[PDB]
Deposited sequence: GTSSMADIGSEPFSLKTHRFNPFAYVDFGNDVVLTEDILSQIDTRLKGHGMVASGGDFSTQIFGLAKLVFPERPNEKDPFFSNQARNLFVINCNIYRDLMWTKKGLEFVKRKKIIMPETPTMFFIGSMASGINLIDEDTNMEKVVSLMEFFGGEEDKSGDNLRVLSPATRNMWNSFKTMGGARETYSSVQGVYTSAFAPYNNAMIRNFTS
(Lines of atoms letter the chains of each structure in order from A and count residues from 1; the text may use other names and numbers.)
(Lines give C-alpha, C1' and ligand atoms only; values in the text may rest on other atoms or scores of the structure.)
Protein backbone atom coordinates (compact mmCIF):
# COMPACT_ATOMS: atom_id res chain seq x y z
CA UNK A 1 0.00 0.00 0.00
CA UNK A 2 3.06 2.29 0.21
CA UNK A 3 3.54 4.42 -2.92
CA UNK A 4 6.66 6.62 -3.03
CA UNK A 5 4.97 8.93 -5.55
CA UNK A 6 2.44 9.80 -2.86
CA UNK A 7 5.24 11.91 -1.30
CA UNK A 8 6.35 13.66 -4.51
CA UNK A 9 4.84 17.14 -5.02
CA UNK A 10 3.66 17.19 -8.64
CA UNK A 11 1.52 20.30 -8.34
CA UNK A 12 1.49 23.85 -7.06
CA UNK A 13 0.19 23.23 -3.55
CA UNK A 14 3.20 24.37 -1.45
CA UNK A 15 4.57 27.92 -1.28
CA UNK A 16 8.22 27.44 -2.26
CA UNK A 17 10.72 30.27 -1.77
CA UNK A 18 14.50 30.38 -1.53
CA UNK A 19 14.11 30.97 2.21
CA UNK A 20 11.90 27.90 2.75
CA UNK A 21 14.14 25.76 0.53
CA UNK A 22 17.30 26.83 2.40
CA UNK A 23 16.04 25.14 5.59
CA UNK A 24 15.52 21.70 3.98
CA UNK A 25 11.77 4.51 -0.11
CA UNK A 26 10.95 8.28 0.03
CA UNK A 27 13.21 10.94 -1.54
CA UNK A 28 14.09 14.08 0.42
CA UNK A 29 13.69 17.63 -0.88
CA UNK A 30 11.03 20.30 -0.98
CA UNK A 31 10.68 20.81 -4.73
CA UNK A 32 9.79 18.49 -7.58
CA UNK A 33 13.22 18.65 -9.21
CA UNK A 34 15.11 17.66 -6.06
CA UNK A 35 12.58 14.95 -5.17
CA UNK A 36 12.47 13.27 -8.57
CA UNK A 37 16.24 13.06 -9.11
CA UNK A 38 16.47 11.85 -5.52
CA UNK A 39 13.88 9.14 -6.16
CA UNK A 40 15.68 8.17 -9.38
CA UNK A 41 18.78 7.50 -7.26
CA UNK A 42 16.83 5.23 -4.90
CA UNK A 43 15.46 3.25 -7.83
CA UNK A 44 18.77 3.18 -9.74
CA UNK A 45 21.49 3.37 -7.06
CA UNK A 46 25.07 4.19 -8.02
CA UNK A 47 26.81 0.87 -7.45
CA UNK A 48 30.55 1.20 -6.69
CA UNK A 49 32.19 -1.52 -8.83
CA UNK A 50 29.41 -1.62 -11.44
CA UNK A 51 30.24 -3.11 -14.85
CA UNK A 52 28.73 -0.89 -17.56
CA UNK A 53 27.57 2.27 -15.74
CA UNK A 54 26.31 3.87 -18.98
CA UNK A 55 23.18 1.69 -19.22
CA UNK A 56 22.19 2.32 -15.61
CA UNK A 57 22.97 6.05 -15.78
CA UNK A 58 20.78 6.29 -18.88
CA UNK A 59 18.05 4.13 -17.34
CA UNK A 60 18.12 6.54 -14.40
CA UNK A 61 17.69 9.48 -16.80
CA UNK A 62 14.79 7.62 -18.46
CA UNK A 63 13.07 7.32 -15.08
CA UNK A 64 13.33 11.09 -14.58
CA UNK A 65 12.05 11.69 -18.13
CA UNK A 66 9.03 9.42 -17.66
CA UNK A 67 8.11 11.08 -14.35
CA UNK A 68 8.36 14.54 -15.93
CA UNK A 69 6.18 13.40 -18.85
CA UNK A 70 3.57 12.30 -16.33
CA UNK A 71 3.78 15.64 -14.52
CA UNK A 72 3.57 17.71 -17.71
CA UNK A 73 0.60 15.74 -19.06
CA UNK A 74 -1.35 15.26 -15.86
CA UNK A 75 -0.53 18.33 -13.75
CA UNK A 76 -0.85 21.21 -16.27
CA UNK A 77 -3.95 22.65 -17.94
CA UNK A 78 -2.72 22.23 -21.48
CA UNK A 79 -1.40 18.76 -20.63
CA UNK A 80 -4.75 17.56 -19.32
CA UNK A 81 -6.53 19.00 -22.38
CA UNK A 82 -3.99 17.13 -24.55
CA UNK A 83 -4.63 13.92 -22.56
CA UNK A 84 -8.39 14.23 -23.13
CA UNK A 85 -7.91 15.10 -26.81
CA UNK A 86 -5.49 12.22 -27.46
CA UNK A 87 -7.38 9.72 -25.27
CA UNK A 88 -4.21 8.99 -23.30
CA UNK A 89 -4.52 6.58 -20.37
CA UNK A 90 -2.69 7.58 -17.19
CA UNK A 91 -3.63 7.15 -13.53
CA UNK A 92 -4.70 9.91 -11.17
CA UNK A 93 -1.67 9.13 -8.98
CA UNK A 94 1.33 7.45 -10.60
CA UNK A 95 2.65 4.17 -9.26
CA UNK A 96 5.94 2.37 -9.63
CA UNK A 97 4.15 -0.18 -11.83
CA UNK A 98 2.84 2.56 -14.13
CA UNK A 99 6.16 4.42 -14.33
CA UNK A 100 7.94 1.15 -15.11
CA UNK A 101 5.34 0.49 -17.81
CA UNK A 102 6.14 3.79 -19.55
CA UNK A 103 9.25 1.99 -20.85
CA UNK A 104 6.95 0.80 -23.66
CA UNK A 105 5.47 4.27 -24.20
CA UNK A 106 2.14 6.07 -24.11
CA UNK A 107 -1.13 4.16 -23.60
CA UNK A 108 -3.98 5.68 -25.58
CA UNK A 109 -7.16 4.78 -27.44
CA UNK A 110 -6.53 4.26 -31.14
CA UNK A 111 -8.98 6.53 -32.91
CA UNK A 112 -9.51 4.19 -35.89
CA UNK A 113 -10.06 0.88 -34.07
CA UNK A 114 -11.21 2.37 -30.72
CA UNK A 115 -8.93 -0.11 -28.95
CA UNK A 116 -6.14 0.60 -26.49
CA UNK A 117 -2.61 0.63 -27.91
CA UNK A 118 0.90 1.59 -26.81
CA UNK A 119 2.97 4.06 -28.84
CA UNK A 120 6.71 4.17 -28.17
CA UNK A 121 8.13 7.38 -26.74
CA UNK A 122 10.46 7.58 -29.72
CA UNK A 123 7.53 7.66 -32.15
CA UNK A 124 5.12 9.61 -29.98
CA UNK A 125 7.27 12.60 -28.88
CA UNK A 126 9.11 14.03 -31.88
CA UNK A 127 8.97 10.76 -33.82
CA UNK A 128 7.08 9.32 -36.76
CA UNK A 129 3.76 9.47 -34.90
CA UNK A 130 4.39 13.17 -34.16
CA UNK A 131 5.21 14.69 -37.57
CA UNK A 132 2.87 17.45 -36.44
CA UNK A 133 5.29 18.20 -33.61
CA UNK A 134 2.37 18.97 -31.29
CA UNK A 135 3.05 16.07 -28.91
CA UNK A 136 6.62 17.18 -28.15
CA UNK A 137 5.45 20.79 -27.67
CA UNK A 138 3.11 19.97 -24.78
CA UNK A 139 6.13 18.88 -22.67
CA UNK A 140 8.03 21.37 -20.50
CA UNK A 141 11.47 22.75 -21.47
CA UNK A 142 13.29 20.52 -18.97
CA UNK A 143 11.47 17.38 -20.16
CA UNK A 144 12.28 18.13 -23.81
CA UNK A 145 15.85 18.96 -22.81
CA UNK A 146 16.36 15.64 -21.07
CA UNK A 147 14.56 13.75 -23.83
CA UNK A 148 16.88 15.39 -26.38
CA UNK A 149 19.97 14.35 -24.43
CA UNK A 150 18.60 10.83 -24.05
CA UNK A 151 18.10 10.32 -27.79
CA UNK A 152 21.74 11.27 -28.42
CA UNK A 153 22.96 8.86 -25.72
CA UNK A 154 21.09 5.99 -24.02
CA UNK A 155 18.38 6.17 -26.69
CA UNK A 156 20.79 5.80 -29.62
CA UNK A 157 19.81 2.97 -31.95
CA UNK A 158 22.51 0.58 -30.68
CA UNK A 159 21.93 1.03 -26.94
CA UNK A 160 18.23 1.80 -26.48
CA UNK A 161 17.11 -1.81 -25.97
CA UNK A 162 19.89 -2.44 -23.43
CA UNK A 163 18.89 0.71 -21.52
CA UNK A 164 15.23 -0.37 -21.57
CA UNK A 165 16.29 -3.77 -20.25
CA UNK A 166 18.21 -2.24 -17.35
CA UNK A 167 15.28 0.12 -16.73
CA UNK A 168 12.66 -2.64 -16.70
CA UNK A 169 14.85 -4.79 -14.42
CA UNK A 170 14.50 -2.21 -11.64
CA UNK A 171 10.73 -2.67 -11.78
CA UNK A 172 10.81 -6.47 -11.39
CA UNK A 173 9.50 -6.13 -7.76
CA UNK A 174 6.31 -4.58 -9.22
CA UNK A 175 5.24 -6.69 -12.24
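- What the model leaves out of the deposited chain are the segments 1 to 18, 43 to 50, 202 to 210.
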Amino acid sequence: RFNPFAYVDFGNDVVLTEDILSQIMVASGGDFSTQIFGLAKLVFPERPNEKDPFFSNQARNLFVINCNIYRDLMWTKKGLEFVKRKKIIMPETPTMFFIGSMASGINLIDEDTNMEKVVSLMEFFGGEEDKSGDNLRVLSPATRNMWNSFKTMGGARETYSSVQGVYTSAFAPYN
From here on, numbers count along this sequence of modelled residues.
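- Of the two stretches examined, 50 to 58 and 138 to 146, the record assigns the greater average C-alpha temperature factor to 50 to 58.
- 27 to 35 and 63 to 71 differ in mean CA B-factor, and the higher of the two is recorded for 27 to 35.
- Residue-level temperature factors show residue 6 in the lowest third of its chain, judged at the C-alpha atom.
- Split the chain's modelled residues into thirds by C-alpha temperature factor. Residue 119 is in the highest one.
- Ranked by C-alpha B-factor against the other modelled residues of its chain, residue 106 falls in the middle third.
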